[PDB]
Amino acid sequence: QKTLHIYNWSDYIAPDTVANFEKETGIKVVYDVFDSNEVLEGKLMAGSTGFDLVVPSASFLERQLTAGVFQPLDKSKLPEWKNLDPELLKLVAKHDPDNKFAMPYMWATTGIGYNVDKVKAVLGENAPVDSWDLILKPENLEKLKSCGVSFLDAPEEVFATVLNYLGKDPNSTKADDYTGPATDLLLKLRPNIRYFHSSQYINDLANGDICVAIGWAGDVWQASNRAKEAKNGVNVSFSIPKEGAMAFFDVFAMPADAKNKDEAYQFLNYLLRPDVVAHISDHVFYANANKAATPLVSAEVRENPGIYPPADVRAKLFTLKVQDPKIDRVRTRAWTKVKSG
């Protein structure tokens, strides 16, 4: 009896994907979920993960490769690798040279999710929902406190977003940028932030319990769809702000000590099927990395410029870089100050 252990982000697969794979292959899948790159990286660095497949963001995988925690993918066992978009492969290869270890799964941006009606009520019809000003100017966040604010519990993403907003290199190597301006601004915003969390904000936006969030694009579009299906009158939207935003590429990778390698390759080749992954995108509102799948994706998802953004918006996106120990120290120390402010 073959088994397969998979660790993926929460809210990142269609409801029937695993069952359909089990039915086709006779493999039993053990599926577990996380909402933090830090949790996954900690598990990878502390010992065996016990998983056959894990799904880091590519910028985290970039440094994880150098610790030897992954084994290279046997492309001879991934015949339809060909379906993957070559331009996305090239971007991911900046993190994973020659695409040896990582299979691109989904990608999106770190932007602003918000309740349309509540934000306009508080900040007026002309609320700047196209700008990080909406949530990174203290005067606006003090007012939005009235209906609830959440930030992601994602330190590398939040500091890069703040640095970009301040006109600094999103990947600044100047320690003073973190300890000075970035911390100063975050500590001014902190009293108005209800919580730091990277998954509770989906249902809280959908149900009207918060009105604005730093969020991952497809998560917010899921919240919007859950609100529509509830017929609760909640109108949620998402913005890639005008100052730019961070892009991420989530990738499947195989732990070096994976027990069930043959089954893992079966699952990866299953995900490379254009109809399988288009069906996932249809349900999670994330762009997949599979060029053959794009026309199969629902018009609702494929034509949303907050999911598949056009070239002029993609040109404004930035990605995370590896930092040295000093910046890791000052960034992490500053993050701890902010979450307890």
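Quick note: we count residues from 1 along the sequence shown, nothing fancier.
Colleague: Name the higher of the two by mean Cα B-factor in the PDB entry, 224-232 versus 100-108.
Modeller: Per the PDB entry, the higher value belongs to 224-232.
Colleague: Going by the B-factors listed in the PDB entry, is the mean over the C-alpha atoms higher for 246-254 or for 189-197?
Modeller: If you average the C-alpha B-factors of 246-254 and of 189-197, the larger mean comes out for 189-197.
Colleague: Per the entry, which of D219, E125, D153, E156 tops the list for Cα B factor?
Modeller: That would be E125, according to the entry.
Colleague: Please pick out which of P170, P241, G113, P138 has the largest Cα B-factor as recorded in the entry.
Modeller: When the deposited C-alpha B-factors of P170, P241, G113, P138 are compared, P138 is largest.
Colleague: Can you tell me whether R63 has a C-alpha B-factor in the lowest, middle or highest third compared with the other modelled residues of the same chain?
Modeller: It falls in the bottom third of the chain.
Colleague: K82's Cα B-factor: lowest, middle or highest third of the chain?
Modeller: Highest third of the chain for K82's C-alpha B-factor.
Colleague: Once the chain's modelled residues are ordered by C-alpha B factor and cut into thirds, is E303 in the lowest, middle or highest one?
Modeller: Within its chain, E303 is a highest-third residue by C-alpha B-factor, going by the deposited values.
Colleague: Ranking every modelled residue in this chain by its Cα temperature factor as given in the entry, which third contains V92?
Modeller: Ranked within chain, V92 CA B lands in the middle tercile.
Colleague: By the record's CA B-factor, is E38 among the lowest, middle or highest third of residues in the chain?
Modeller: Its C-alpha B-factor, which the entry lists for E38, ranks in the lowest third among residues of this chain.
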